[PDB]
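Chain by chain, the residues run as shown.
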Amino acid sequence: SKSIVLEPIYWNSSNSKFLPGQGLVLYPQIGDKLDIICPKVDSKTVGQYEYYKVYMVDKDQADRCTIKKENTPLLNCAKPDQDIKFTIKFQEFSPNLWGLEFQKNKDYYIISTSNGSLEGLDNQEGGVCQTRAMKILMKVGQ
């Protein structure tokens, strides 16, 4: 039962992967933890009308640069939520919800629309996954 700290998100800080051409790789491995922290533009008035919406979707949606309407668990930093903070810890068993547990022989993809294009300003669309590459990949086999 280890507990280090990967995916260190401190508003907009440098990462281990540092957008290598895909975005940000995650480690779906028991022993690790990841903490997302974003302040957003609000009281500090520095981001100047900028907010983002990370959402879990297949590679097929990463290919279109669009989110599925069957989304709901938005991340990154939304307007109707202010500062987002969440820490997940890869614990052995979770009696609270099986969503904090993770399974083997599985692969997860997630994309975001950090370009905030006029077609995708409020709709499920982007241009960042196409160029910046803001997606995630989680590899857990054996």
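As deposited, the entry is annotated with solution NMR as its determination method.

Colleague: Give me the lowdown on the state of the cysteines, citing residues and values where you can.
Modeller: Counted under the stated rule, the structure contains two disulfides. Residue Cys38 pairs covalently with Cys77 via a disulfide, S to S 2.0 Å. One quick way to see it: the torsion about the S-S bond of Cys38 and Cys77 is about 90 degrees, and its sign makes the bridge right-handed. Of this pair, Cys38 sits in strand β3 (residues 33–38) while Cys77 sits in strand β5 (residues 75–77), and the two are 39 residues apart along the sequence. Considered together, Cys38 and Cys77 belong to a single accessibility category, that of buried residues. The partner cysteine of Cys65 in its disulfide is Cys129, sulfur to sulfur 2.0 Å. Of this pair, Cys65 sits in the loop between α1 (59–64) and β5 while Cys129 sits in the loop between β7 (106–111) and β8 (135–140), and the two are 64 residues apart along the sequence. Neither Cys65 nor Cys129 differs from the other in exposure class; each is buried.

Colleague: Residue-level account of a nonpolar patch on the surface, with values.
Modeller: Taken together, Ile4, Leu6 and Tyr27 make up a surface patch of nonpolar side chains, about 290 Å² in accessible area. Of note, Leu6 is situated in strand β1 (residues 6–10).

Colleague: Describe unusual backbone geometry, with residues and values.
Modeller: Positive phi, close to 60 degrees, is recorded for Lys40, a residue that is not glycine. For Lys40, the position within the fold is in the loop between β3 and β4 (52–56). With a phi close to 85 degrees, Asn76 is a non-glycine residue in the positive phi region. Tracing the sequence through the fold places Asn76 in strand β5. Overall, the relative accessible area of 14% leaves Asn76 in the buried class.

Colleague: Please provide a residue-by-residue account of the pattern of salt bridges, values included.
Modeller: Proximity of charged atoms lets side chains of opposite charge pair with each other. Counted by the stated rule, this structure contains one salt bridge. Here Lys68 and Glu70 are joined by a salt bridge, their closest N and O atoms 3.5 Å apart. Given the relative accessible area of 40%, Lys68 is considered partly exposed.

Colleague: Please set out the pairing of β4 residue by residue, giving values where relevant.
Modeller: Pairing analysis gives three bridges linking β4 to β5, with the strands arranged antiparallel. When the bridges of β5 are listed, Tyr52 appears paired with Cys77. Pairing geometry for β4 and β7, over two bridges, is antiparallel. Paired with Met56 across the strands is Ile110, a residue of β7.

The rules behind the values
Within every chain, numbering proceeds from 1 in written sequence order, not necessarily in step with the numbering of the entry, and residues without coordinates do not appear. Side-chain descriptors were evaluated using all non-hydrogen atoms of the structure, hydrogens and water having been removed beforehand. Only a pair of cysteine sulfur atoms within 2.5 Å counts as a disulfide in this structure description. Think of it this way: any DSSP run of H or I at least four residues long counts as a helix, any run of E at least two long counts as a strand, and we number them from the N terminus. Each residue is placed in one exposure class: buried if its accessible area under a 1.4 Å probe, protein chains only, is under 20% of its type's maximum, exposed if it is over 50%, and partly exposed if it falls in between. To count toward a patch, a residue needs a relative accessible area above 30% and no salt bridge. Like charges then connect within 9 Å, nonpolar side chains (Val, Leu, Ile, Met, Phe, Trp, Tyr) within 5 Å. Only the protein chains shown count as covering a residue, and every accessible area follows the Shrake-Rupley method with a 1.4 Å probe. The rule for a salt bridge is simple: a side-chain nitrogen of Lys or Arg has to be within 4 Å of a carboxyl oxygen of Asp or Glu. DSSP bridges decide pairing: two strands pair if at least two such bridges lie between them.

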